[PDB]
Every structure is written in C-alpha cells, then in structure tokens.
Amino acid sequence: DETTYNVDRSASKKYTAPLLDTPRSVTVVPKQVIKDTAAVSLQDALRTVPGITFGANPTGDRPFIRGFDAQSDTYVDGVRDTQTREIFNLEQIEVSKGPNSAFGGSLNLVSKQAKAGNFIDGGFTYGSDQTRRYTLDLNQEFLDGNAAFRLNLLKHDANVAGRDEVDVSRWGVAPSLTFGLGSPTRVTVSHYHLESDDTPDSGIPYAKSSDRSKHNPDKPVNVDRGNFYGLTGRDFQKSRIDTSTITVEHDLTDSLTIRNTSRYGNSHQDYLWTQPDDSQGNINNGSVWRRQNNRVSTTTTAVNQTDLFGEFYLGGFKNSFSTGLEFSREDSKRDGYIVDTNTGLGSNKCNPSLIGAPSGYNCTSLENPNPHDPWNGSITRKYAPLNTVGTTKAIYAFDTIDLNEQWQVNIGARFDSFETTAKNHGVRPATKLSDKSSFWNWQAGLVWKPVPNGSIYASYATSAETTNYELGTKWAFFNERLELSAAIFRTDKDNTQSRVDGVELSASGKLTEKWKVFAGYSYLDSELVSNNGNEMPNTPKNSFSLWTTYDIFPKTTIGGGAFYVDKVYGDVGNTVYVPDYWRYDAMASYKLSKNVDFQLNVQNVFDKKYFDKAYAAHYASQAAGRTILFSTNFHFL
C-alpha cells in the first residue's frame, strides 16, 4: 500500500526489527504525506515532525533534533553526504530522535531506486507565488525483467509569498539502474544531480534595545511583510551537487547477505548575500547597513561501506544482526570574496541622509528599502582557501536477540577513527595542522511485549561525552494500520555541560477507513548547567504537528494541518528569539480518472507572518506567506 501514512519498517537493513519493536523514537515521513502536503523541500516536509528546527548561510539547512545540532548526521540511504535538499528523488524520510550506532539524532533520506514494475509518473504544479514545478518519474524493466532503469527529472522555479524579489530556480536529473531483480546477486548504480541558482533572502533584523539581555530579549523588528534588505544586482546563491552510488549485494546463505556500497560525491557552493545591519544599531535611526556575507566552497567525498547482515541461533535464541566496515575521505576547500561595503561613516554606520547614493548604496531604509539600488563596490575572490583532507575508518556491530515472544534485547557498538590535515592559505606563511581522534559509542535496549501489538521499552546509549536514557511505549491498533507512540528521555552532555529532558507522542495511520492521521507532540526542557540556566538555542519547548486527510466522497479527499512551534532562542545567551506561532494548511484532491489526479494546497491559510529560523546574532529568517498550489499528476501503471 503506497498511500499509507504509517511505515512499519526502516528501509536500511542495519535495523534488525520492525519499528513497533525497535527500542528508539523513530518517525518515518512516508511518500504519501510528502505528496499530500505538496512539500517541495526537506524542510517543508519536516514541518510534519515536531521539534525539528533549522538554524545555522543564506538559507539555514542545518537541522536541530532534541535541541542538538545534526548537520553532519544527514544520510542518504544509510551513507553520509557531501546544502539545501530537495525531495523529488525521495521515497521517504526517516527521523531517528535519539542515537543509533548503526550510523543528538539523525535523518535518513531513502532514494527512489529502479525496481520491478513498469510506470511513468509525472506532474506539474502552478502557484500563487509563481511556482512552476515539473517532475517526471519513469521506471522500465529490461533484460526480460532481470533489470530496470529509472529516471527522475525536476525543473522548479518560484518566487516566495510575502518576500520581495526572493526567488529559487533549480533542476535535477537522477538516473538509476538495477540488475539481478529477484536473484541472489543484485547490482545497483545511481547518479544524482541537482543545480540551483537563487536570489537569497536577507531576513529581518532583530530589534536592538538598549537594555537587551536574557531578561529582556529582542525579537525581529516589525516592518512591512515583503521587506527585503538585499540587492538584486549583487546577491546570488549558486550550487551544484553530483553523487554516484554503486551497491553490490550477494546472499551467501539463506541467513547471510554481504553488501558493498561505494559513493563518490562532489558539491560546489558559490553564495553572496545580505544581512540587515549586523547589530550596529542603525535601525534605531531608521536605516540599515547592507552587510555582505559570502561563501565559496568545494567538497569531494569518497565512501566505501561493507556490511554483513542476517541471522544466527545461539542458546535457542534468534540473533538478527548487522556488522560492517566503513572507509571514507573528505576533501574540502573553503574560500570567499572580498567586498567593499564601506558606508562612508565609520565603515558600517548609517542614517537617513546616507541612504542611497551617498553611502554607495551600502545603507538603505528600514521601512522602505529598494532592492534594485545600483550598488557597485568591488567584488574579488580571496583565492586564499582553507583546504582540509579528512579520513575516517569505522567498525560497527548491531544485534537484536529474541529471548521469547515477550522479550527482546538490542545491543550496538561503534568505533570511529578520524585523521585530518588542514592547510590554511589565508595566513602567511600557510599553516599545515594535523589532528587525530576517535569516537567510541554503544547502546542497549530492552523490549517487553505484553501482547503482540504492544511494546514497552527502556534504552540506554553512551558516547565517549554524552548519555541518553529513554523509556517508551508503542501500540498498533485497527489491524496494525494505526501506530501510537509515547516516550520520555533524558540527554546529558559534558563539554557541550547540558541537559535535555523531554516527552514525545506520535500517531500515524488510519483512525477509521476514511480518516488518516500523521501527528506528534514534542516537549523539550533544555538547560545549560554566566549562561548557567539558559535554554538551548533552536529548541522549542513545545511543538505540535497534525496532518489529516478524510476520504469525504469517492474520488475526493480533503485535508489539513495545524502546526504549533513555541518561541525559539537564537543564542546560548538567550538575548534574541523568534516568537511562537500557529500555522494552518488545507488541501483537496480529486481523482479525474485512474491516470490523472488534481490537487489543491493552501499553505499558511491565515497568512501568518512568522520566523522559521532564529540565528545567533543580527537577524532571523521569515517564512513564506499564504501560498496556493494547483497540481495535475499523471500516473500510468
């Protein structure tokens, strides 16, 4: 069933048990939720899972999970990645909220692969924000059903509702080949390519009060909804990602599969954007310094991962296990631009008399900025990069033991070894600095099943310094079409000292035959333990996500979502924040025939102005306003 709102198993076979019986908080955002919400990105899609905030970049692509930074815990099919992620090539999104030695929490993005079946799918979406999105998803068998070819294509252009001039443009191509369908030896080859060229948002500056502190923190200034402080003549955000993956699987016995995966990745970023005022206090006289930020970056990644997984029997118990070796190499080159933003008054100071041409357009108006100002300062590349070469070697082992039909034990360990060399051409003479380290990690879980469709679990994880305790329960109702979850947990971290205590509730699947739900609640009580007693940044204390659809007639579905996010602090010092908000979404779909769907989405039904990322200083990112999307989807199977 491809229309399910509940997914009962992970895709990666490092999990040794179904999700009901896995002793960890895991939420899968299934394909159908991604389609029903009409999500056009990873962040858009993750609004359905509460307590995941993004922070920091001209668009902050760094997730925070249970109040902890997870930029370098994003996986594509269980392997690390070389950046703003699109969803056209994804089947589902797997969110692990606590640790998992198999890989603060992590995201695992499952790619669409060539597989058995013949289909041609495609869609176009037109929007009130000028969205023009075209997708094609073609999968064809060949070699008489022993192999398959799949091609996913994307073209996406859009403005942003309630933001002057800000826009996005991207396209993608994802070819895939799989061989040995149904046989004991399978070979898969994938390539992924995405290129983008955006006009980056400036965001909105924090108010800057004379008495700003932990006690009276500042929030974004209140100005017209569309205000953009950047420059259409200057600012740009260009990226390219290329990823090749080769996977070989062989069944050695009926109980044992060996798997080798090779990934080569290559990503370029060339960004230059504006930040409003960088806390210079010019906003208090009605003006804004257009501070310039930038990054030029190239990264190369090479990974090889060999896994052995399956079953063995010992003392009368089944042991469902996975074990492996991982070797990788990352090359990164960080450079930038040198840009003249001198206002003429102490470099970065402004007032209304300097707005426009007297500041070389480095000052603008707080209330009525002009993004078309013909700014014309020098831009030159530094050509003096920080070049880093990193090596990793890891070994891991995971085992689930069925003691009887009521009791299971999970144990997992992982050892990582790391070597880096950094050459910095930004200082004279250039420096060469090396570093060596390792990371031990292990976890244990206990599952009690009073009845088959019921689960109560304890869990302990440590890494060496971090410690996680979790205690939870999961239940499957209405013929295992509805999963309910509840968890409590504590995370303790030394040399961050910090603590996060929390509660998580989930509901996923069918309530009745016509009524589906995908929903969660998250409570995060976080603390630094002077900043002693402050909340963690990017960690909403309360959040709630509800997505629901109802099959109101045959051929017709209606639906909506309600999302709450509590206030969020930008800094450890708790001096800046973005306020809490409610957002509501609506949808309707009509099956015109077996081959054509029509879909309407209304995002942010009440046109709430709110801020989806709070940065540590200077400013916050404003989310999109009300957006209306009409989709036409074709599918021939």
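One-based numbering along the sequence shown.
Engineer: Zero if continuous, otherwise a range: how many residues of the deposited sequence are missing coordinates between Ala56 and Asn57 (none, 1 to 3, 4 to 9, 10 or more)?
Structural biologist: According to the record, 4 to 9 deposited residues lack coordinates from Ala56 to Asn57.
Engineer: I want to verify a possible break: how many residues of the deposited sequence sit between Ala116 and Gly117 without any coordinates (none, 1 to 3, 4 to 9, 10 or more)?
Structural biologist: In the deposited sequence, nothing is left without coordinates between these two.
Engineer: Would you mind comparing 578 to 586 and 60 to 68 for me and telling me which has the higher average C-alpha temperature factor in the entry?
Structural biologist: Mean CA B-factor is higher for 60 to 68.
Engineer: Between 329 to 337 and 545 to 553, which has the larger average Cα B-factor in the PDB entry?
Structural biologist: Looking at the record's C-alpha B-factors, the answer is 545 to 553.
Engineer: Quick one: which of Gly356, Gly145, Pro371, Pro205 shows the highest Cα temperature factor in the PDB entry?
Structural biologist: Comparing C-alpha B-factors across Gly356, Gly145, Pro371, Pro205, the top value belongs to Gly145.
Engineer: Please pick out which of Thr131, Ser279, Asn495, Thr298 has the largest Cα B-factor as recorded in the entry.
Structural biologist: Answer, based on the entry's C-alpha B-factors: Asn495.
Engineer: Give the position of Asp571 by CA B-factor within its chain, expressed as the lowest, middle or highest third.
Structural biologist: Its C-alpha B-factor, which the entry lists for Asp571, ranks in the lowest third among residues of this chain.
Engineer: Lowest, middle or highest third: where is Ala158 by Cα B-factor in its chain?
Structural biologist: As the PDB entry reports it, the C-alpha B-factor of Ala158 lands in the lowest third of its chain.
Engineer: Among the chain's modelled residues, which third holds the C-alpha B-factor of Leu46?
Structural biologist: Middle third of the chain for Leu46's C-alpha B-factor.
Engineer: Of the three thirds of its chain by CA temperature factor, lowest, middle or highest, which one includes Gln599?
Structural biologist: As the PDB entry reports it, the C-alpha B-factor of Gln599 lands in the middle third of its chain.
Engineer: Considering every modelled residue of the chain and its Cα B-factor in the PDB entry, is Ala614 in the lowest, middle or highest third?
Structural biologist: For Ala614, whose C-alpha B-factor we compare with every modelled residue in the chain, the answer is the lowest third.
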